[PDB]
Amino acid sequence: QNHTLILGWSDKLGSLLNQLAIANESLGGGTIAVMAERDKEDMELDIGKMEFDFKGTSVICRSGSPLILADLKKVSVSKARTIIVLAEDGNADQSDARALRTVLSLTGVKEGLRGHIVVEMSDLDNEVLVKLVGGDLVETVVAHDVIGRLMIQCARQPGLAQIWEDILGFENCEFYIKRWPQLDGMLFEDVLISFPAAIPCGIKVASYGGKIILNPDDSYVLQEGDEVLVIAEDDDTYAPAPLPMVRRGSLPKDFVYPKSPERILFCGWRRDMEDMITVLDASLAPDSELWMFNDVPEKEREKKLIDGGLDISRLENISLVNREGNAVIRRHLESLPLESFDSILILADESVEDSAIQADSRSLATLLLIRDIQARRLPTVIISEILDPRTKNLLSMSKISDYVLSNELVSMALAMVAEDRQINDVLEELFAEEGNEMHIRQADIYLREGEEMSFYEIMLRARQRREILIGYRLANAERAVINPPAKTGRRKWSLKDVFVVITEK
């Protein structure tokens, strides 16, 4: 049957269905079964009111428990190509307890499983046990942790928010892995310029057991069994072609500039916030500052952090500044040096996160107050976490939409890993402080003002600093272009254009 099976119901279900409909469109549609502990007719009513285009995909609803074998047989569990275990809205530990029981149930199916299991985990501290009992069958996506990592990346580089939304979801372009036997024996530097409609980003190396190497050496020779990781519009839109003519040349300003210290504000005590502090300490330049404004009394913050595994005495790049107060109280916020922050993250506080409507209401209240306080005392990225994707969609015609990062990104990550389990490791590396990551780079590293050259020519210059050039944003364009369709044609570039690369630190 090779359908997608979704176990559960949550605020993320509609956005996940939308992603899978987009992924299936190139096939003419596919089949999705949803099984939840709800009345089947109510499920069908809700699905029938969803406002996106199903693009030929059929959605079937069944009522039942993932712990009951007779219920799993109702949705042909052993023939699904992927099984997605959706987290329950509300308390993270309760959702993760259900996830563990569900994975154990699925591993007990005696006919076996045709596909893999994608588990939406709500708390990092519960991931190891799920991975232990799920073995080779399971991929975990820790929703809470991924969102924290993306918020930090987008706070540090404004403009990555749009890029990450584009790449993590199936609209526009995204990562695909495919085997191309006709490229066996070619150097990676030539593979890079072999696809009119794709940008190679890595190689699945057969001699390493299928490990994906992002940003490999230009001198790597593709071997039998290797596969290519690309960014492309869809799984079927790209193919290798004869090598184009690409002039070679040197980087004008191949410089590493001293990184300046950053001052970041976190509003709210997020569950497991020590994990975000760890990521930030590994990401910022020395002498940076993290301010934490929240209602936890200062004298007890250290215990929370040390109990979460963070030794603040051994932070390398950041100093911590603690301020106590209520993030929806104007008087408390205005005591902060709001104008001095390079970025401000408004986080879902652990005291209210179990209710998405309450958490999101507080986050938007804080956003409005920070903006209004600053406007009123006239003579900085602000990013606000939104837990319900519906609220993000409802904000989409407002200016507010530019200031929010939502759990829709979790639905996108789940759909990516459902469609190819191997992409989970690629995303993990790009979300991690180690290895490769995405960066937005000024044009004067790569070219001179008005220089006439092709995207491929810039790409080959970028290889001289070990970067994969994946896109650009033109000086007065609203949106970056990833995997630009016109790669061989020459244009006149501006020093105000910017380039999007995958790069090591």
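We number the residues from 1 along the sequence you see.
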**OP:** Count, per the entry, the deposited residues between residue 379 and residue 380 that are not modelled, and return the matching class: none, 1 to 3, 4 to 9, or 10 or more.
**Re:** 10 or more
Original post:
Do the C-alpha atoms of 148-156 or of 180-188 have the higher average B factor in the entry?
Top reply: 180-188
**OP:** With reference to the PDB entry, specify whether the mean Cα temperature factor is higher for 298-306 or for 101-109.
**Re:** 298-306
**OP:** Go through 202, 244, 268, 169 one by one and give the residue whose Cα B-factor in the PDB entry is largest.
**Re:** 244
**OP:** Name the one of 325, 389, 261, 240 with the greatest CA B-factor according to the PDB entry.
**Re:** 261
Original post:
Hey, what third does residue 30 fall into on Cα B-factor, ranked over its chain?
Top reply: middle
Original post:
Of the three thirds of its chain by CA temperature factor, lowest, middle or highest, which one includes residue 57?
Top reply: lowest
**OP:** Name the third of the chain's ranked CA B-factors that contains residue 363, choosing lowest, middle or highest.
**Re:** lowest
Original post:
Taking the C-alpha B-factors as the PDB entry records them, is residue 78 in the lowest, middle or highest third of its chain?
Top reply: middle
**OP:** Looking at the entry's B-factor column for C-alpha atoms only, identify whether residue 22 ranks in the lowest, middle or highest third of its chain.
**Re:** lowest
